[PDB]
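Asker: Numbering (the authors' numbering), first residue to last: -1 to 157, 168 to 385. Virtual Cβ for every residue (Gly too), placed ideally from N, Cα, C.
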Amino acid sequence: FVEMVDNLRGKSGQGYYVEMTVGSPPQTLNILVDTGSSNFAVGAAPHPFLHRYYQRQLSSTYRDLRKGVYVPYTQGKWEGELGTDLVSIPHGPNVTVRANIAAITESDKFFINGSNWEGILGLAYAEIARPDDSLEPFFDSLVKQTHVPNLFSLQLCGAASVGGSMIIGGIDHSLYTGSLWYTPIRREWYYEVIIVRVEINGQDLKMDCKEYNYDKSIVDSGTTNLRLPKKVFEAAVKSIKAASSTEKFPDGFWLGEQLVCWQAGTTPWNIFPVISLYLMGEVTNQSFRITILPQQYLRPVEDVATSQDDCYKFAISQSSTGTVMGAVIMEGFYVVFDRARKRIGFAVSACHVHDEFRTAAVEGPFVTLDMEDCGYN
Ligand SMILES: Cc1ccc(C)c(OC[C@@H](O)CN2CCOCC2)c1
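1. Cβ-heavy atom distance between residue 30 and ligand 1 below 7 Å?
2. Which one of 370, 254 and 58 has the shortest CA to CA distance from residue 283?
3. Can the beta-carbon of residue 6 be found less than 8 Å from the beta-carbon of residue 31?
4. Say the cut is 7 Å; is the CB of residue 378 nearer than that to a heavy atom of ligand 1?
5. When the Cα atoms are used, what is the spatial distance from residue 270 to residue 245?
6. Mark residue 71 as exposed unless 16 or more other C-beta atoms lie within 10 angstroms of its C-beta, in which case mark it buried.
7. Under 8 Å, do residue 190 and residue 353 count as touching if we go by C-beta distance?
8. For residue 146, collect the residues of the same chain with a Cβ closer than 7 Å to its Cβ; drop the 5 residues on either side in sequence, then sort them by chain order.
9. At a cut-off of 7 Å, is residue 201 close to ligand 1 when judged by its beta-carbon and the heavy atoms of the ligand?
10. Please state the DSSP three-state secondary structure of residue 34.
11. For residue 380, does the three-state DSSP call read helix, strand or coil?
12. Which whole-angstrom value describes the C-beta separation of residue 118 and residue 29, a residue pair presumed to lie in contact below a C-beta threshold of 8 Å?
13. What number of angstroms, rounded off, separates the C-alpha of residue 131 from the C-alpha of residue 125?
14. Once DSSP output is grouped into helix, strand and coil, what is the label at residue 39?
15. Report yes if the C-beta distance between residue 309 and residue 320 is below 8 Å; otherwise report no.
16. Looking only at DSSP bridge pairs, what is residue 9 linked to?
17. Let's test the definition: count the other Cβ atoms within 10 Å of the Cβ of residue 334 and tell me whether it reaches 16, buried, or not, exposed.
18. Straight-line CA distance for residue 255 to residue 266?
Next up, the structure:
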């Protein structure tokens, strides 16, 4: 798996992408790695933000499916023409697969101006595939047509330019320290899990854990932030605020309506608490917890032209769709999407940003009763 190490790149805030090839002869493209969706979709027309795009006319192996797809989201969309073609991952396993490709022909607020990626690799399950679950996801096609074991793992580092590794079909023990702790995939649509307890600094929010997962809790490499349902966010923030009263901050800041700025190297992190999520374990009444630092929820905003200081965002926010464990969470950990056994493994990342005081941690076992009742029906 050393072939796959460091095979992800990116810029802060713009997501992590891997190099892929499509069609014959190979067209090289940088493709966003997204565990929060299930479509393999690539730019197929000269949108001006794009370095590159899929030229189907060049590919002997391309086959039109004579069906379109339309993918709306909040303030924007993409849409395209479905087909299949041969796909490889140069710094991945040594296979070639016939995959569904959504050739993106029109879009709105999808592509990022200044980004170096041109497509998206949805790694979640068929259930949430558009237009429907009959459209087989890439990773399904990859496993079905090859002897690649049914799992992948991600080490998202983020140092500006960010970096990481997507190990396809296996686990690289060099990417983590300590032991892997596993949480069940509640259902195969998103990578859905159950949070059973939340501690800020050690103290818990004392809320009906059912809330923590209203209506979902998911692991999503395509989201930057830790999202938290309305009520959980309220209490979450209420407590982080109390942990941090040493200095005063505006209301908008907590709502991600404004950024906060300190002077160069002048923001010791200790006015902010560590945050621990307890996840459902593999065994009845057994959990484990993952602990992240404020260096995870305080993310430097890359470049602001109207300033020169240490201006971080607050990487936590509300949600109507549920908890979303994004890069704020994932960059503390090596994460193993163990699809074969329906579970996600967390371990301390060999690359997470630690200091001389505190660290990201994964610890267990803990005893937690009624973890099932934490899941919404
Ligand atoms: C790069 C990009 C552009 C547009 C959209 C809508 C993107 O979303 C990526 C998804 O993984 C978003 N998550 C949000 C949480 O729920 C699952 C989908 C990415």
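Answerer: Concretely, from the data shown:
1. Yes, Cβ of residue 30 sits closer than 7 Å to a heavy atom of ligand 1.
2. Per the C-alpha coordinates, the member of 370, 254 and 58 positioned closest to residue 283 is 370.
3. It is a contact, given that the beta carbons lie within the stated cut-off.
4. Every heavy atom of ligand 1 is 7 Å or more from the Cβ of residue 378, so no.
5. If you take the alpha carbons of residue 270 and residue 245, they lie about 20 Å apart.
6. Exposed is the call here.
7. Contact: yes.
8. Taking residue 146 as the centre and dropping the five residues before and after it, the same chain places the C-beta of 91, 93, 140, 176 and 177 closer than 7 Å to its C-beta, in chain order.
9. No.
10. Three-state result, residue 34: coil.
11. Residue state, collapsed to three classes: helix.
12. Their Cβ separation, rounded to whole angstroms, is 7 Å, which keeps residue 118 and residue 29 in contact under 8 Å.
13. Cα-Cα distance, rounded: 5 Å.
14. In this structure, residue 39 counts as strand in the three-state DSSP scheme.
15. It is a contact, given that the beta carbons lie within the stated cut-off.
16. Beta-bridge pairing links residue 9 to 169.
17. When all chains shown are included, residue 334 counts as buried.
18. Spanning the two alpha carbons is a distance of roughly 16 Å.
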